[PDB]
Amino acid sequence: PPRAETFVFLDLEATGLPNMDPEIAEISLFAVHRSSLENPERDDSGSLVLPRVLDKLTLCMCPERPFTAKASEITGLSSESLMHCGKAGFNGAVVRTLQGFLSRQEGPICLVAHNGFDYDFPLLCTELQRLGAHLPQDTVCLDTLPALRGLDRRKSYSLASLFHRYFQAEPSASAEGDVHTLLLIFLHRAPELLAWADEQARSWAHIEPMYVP
Amino acid sequence: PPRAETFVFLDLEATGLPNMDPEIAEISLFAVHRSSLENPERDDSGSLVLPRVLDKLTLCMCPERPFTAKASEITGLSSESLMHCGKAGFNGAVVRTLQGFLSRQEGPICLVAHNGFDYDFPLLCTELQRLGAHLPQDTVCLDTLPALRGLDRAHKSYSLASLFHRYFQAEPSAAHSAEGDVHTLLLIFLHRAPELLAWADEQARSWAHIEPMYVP
DNA sequence: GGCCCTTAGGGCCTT
DNA sequence: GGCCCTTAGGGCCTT
Ligand SMILES: [Mg+2]
Ligand SMILES: [Mg+2]
Ligand SMILES: [Mg+2]
Ligand SMILES: [Mg+2]
C-alpha cells in the first residue's frame, strides 16, 4: 500500500449497467494533490471549497453499442448526439490524453470513484485493455462506498444520499457534476478517508476487466 | 478560410502583463462542437446553459520566473502553492495532453480567447515554441474583443466583465479563475452565437500566422 | 503593443 | 456481481 500524493476523482457515464455490456460515454477526472486534502480550503462563511490548484479533464465519447432506456435519461447523452458532435469512441486519443493528464500529476496516484470496485474501475479497465493501454504501476484505487460504510461502525450510502446528510442541501445536476459532489464528500471526511486509502488502497494492476472485448 | 467545426474556448492565467515576459500558470479549454453553438440551449429560468457534449481541460503549472504582486493576487496562485501541489512547468506532459485533447476534437479547430490576439494567443505560441510543439494546421484563431466591437458597428466597455453585466445583467461566479473565465466567455459567445459564428467563418486568423509574445 | 475615440491626448484590454 | 442483511432469501450500489 504505497502513499498516494495525488488523488484523482473520477466518474463514468455509460450506456447502462454491467449487463449491457456498457461503454464509457463521458469520462471526468478531478486531480487534487494530497496537500489540499490534508488542510482543506474554506470560505469566509466558511463552507467547504474545492482546491485552487485543481487539474481537470473531461472527454465525451460515442459508444459502439446504443444506450439503454434509463441510462440515456439520466445522462442526457444519445449515441447520435455524441456522433453529431464528432466525438469518436474510446480510442487511442483518449488514452494519450488520459495518460498525459495523469502524467501531469505527482505520483503515486490514487483513483477515487464512488462504488468504483463494482463499476467505474472495472468499466475503465475493459476500455483500457482493449487498446492495450496501461496506467502507471504504482497507481492505487479507493472506493468511497466500502470506506465510508466501514468507518461509520438502517442507513443509506448512495452518492446523492451521502451528500444530503453531510451537506444539508442537495447536489447540482453530468459526469463532472458527480465528481464534484464526490470530491466534496471526500473533503468532509478527508483525514479519515486519507487514512483508509493509505491502508486499503487496491493496486490498479489488480483490477479485473468487467467484460472481455 | 477553413469552416471551423469545433470551437475551443480558452483562457490563461499568467504571471503578469506582456511587458514582464509572463509565463502560463494555468490553462483551461472548453471544447464545443459547432452544432451546439448553432442551437444555444437555455434553462427554464431561462438563462443560457452550457452544451451537454462538452470537453474540458484544466492544467495548473508552476512558472519559472515569479508572479507579480497583482498577478498572484487576482489568480489566487503562487509559485509556492503550485510547487506545493507538485506541479511542474510547461513541459512535454502539457503538450502531449493538450495535443491529445485537441486531436479528440473534430477539425478544423477554432481557438477562442477574449483579447486573444493581444495576450492569450501569442503567449500560448511562445510556450509552445520553446518545446518545439505546434497545434495542428487548418486551425484558426477567433478574438471576441474586436469581433463584438466590429459587430456593434452595424448600428462602452468591452471587457469580459462588462460584457457579462451588459448581456446578462448578473455577476460571474469565479473571477480570474481560468475555468471560470472560459465559462464566462462561452456564455457571452452563445448570446451572440449566430453573429460570432459568421465572424469566425468570414475572418478568423490562422494559428500558423500567430507571432510569439517573446523568444527565450 | 495595438486598436479605440472625441489635441503628438487619453485610455482600453489582457494578468 | 460483490456484499451485508435475517418454495436456491433480497436489497443495496453504480448507469
Ligand atoms: Mg459513478
Ligand atoms: Mg455519473
Ligand atoms: Mg483572459
Ligand atoms: Mg482569466
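First residue shown is number 1, and so on along the chain.
Determined via X-ray crystallography, 2.7 Å.
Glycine too: its Cβ is placed from the backbone N, Cα and C atoms.
Listed features, source Swiss-Prot:
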type: BINDING; residues: B:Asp11; note: Mg(2+) 2 binding site
type: BINDING; residues: B:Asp11, B:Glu13, B:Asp181; note: Mg(2+) 1 binding site
type: BINDING; residues: B:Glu13, B:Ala14, B:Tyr119, B:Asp181; note: substrate binding site
type: ACT_SITE; residues: B:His176; note: active site, proton donor/acceptor
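Across the fold, the C-alpha of B:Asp181 (Mg(2+) 1 binding site) and the C-alpha of B:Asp11 (Mg(2+) 2 binding site) stand 7 Å from each other. Same-chain residues that are not part of B:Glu13, B:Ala14, B:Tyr119, B:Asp181 yet have a Cβ within 8 Å of the Cβ center of the substrate site turn out to be B:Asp11, B:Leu12, B:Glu26, B:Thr75, B:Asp120, B:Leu123, B:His176, B:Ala178. Taking a C-beta cut-off of under 8 Å and a sequence gap of six or more, B:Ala14 (substrate binding site) has these contacts in its own chain: B:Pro22, B:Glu23, B:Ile24, B:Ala25, B:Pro63, B:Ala71, B:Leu123. The residues near the Mg(2+) 1 site, meaning same-chain residues not in B:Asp11, B:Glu13, B:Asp181 whose C-beta sits within 8 angstroms of the mean position of the site's C-beta atoms, are B:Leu12, B:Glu26, B:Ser28, B:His176, B:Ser177, B:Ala178, B:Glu179, B:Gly180, B:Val182, in sequence order. On a Cα basis, the residue listed as 'active site, proton donor/acceptor' lies 7 Å away from B:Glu13 (Mg(2+) 1 binding site). Two residues, B:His155 and B:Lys156, bracket 9 residues absent from the model, and the distance between their Cα atoms is 14 angstrom. Classification of B:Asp181 (Mg(2+) 1 binding site) by DSSP places it within a helix. Proximity to ligand 3 at the level of Cβ atoms, with a cut-off under 6 angstroms, picks out B:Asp11 from the recorded positions B:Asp11, B:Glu13, B:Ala14, B:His176. B:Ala14 (substrate binding site) falls within a strand when secondary structure is assigned with DSSP.
In the vicinity of ligand 4, defined as a Cβ distance under 6 Å, the following of the recorded positions B:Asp11, B:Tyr119, B:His176, B:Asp181 are placed: B:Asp11, B:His176, B:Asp181. Residues near B:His176 (active site, proton donor/acceptor) in space but far in sequence (CB under 8 A, at least 6 apart, same chain), listed by position: B:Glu13, B:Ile74, B:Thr75, B:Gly76. For B:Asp11 (Mg(2+) 2 binding site) paired with B:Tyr119 (substrate binding site), the C-alpha to C-alpha distance reads 10 Å. Of all Cβ atoms in the protein chains displayed, 23 besides its own lie within 10 Å of the Cβ of B:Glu13 (Mg(2+) 1 binding site).
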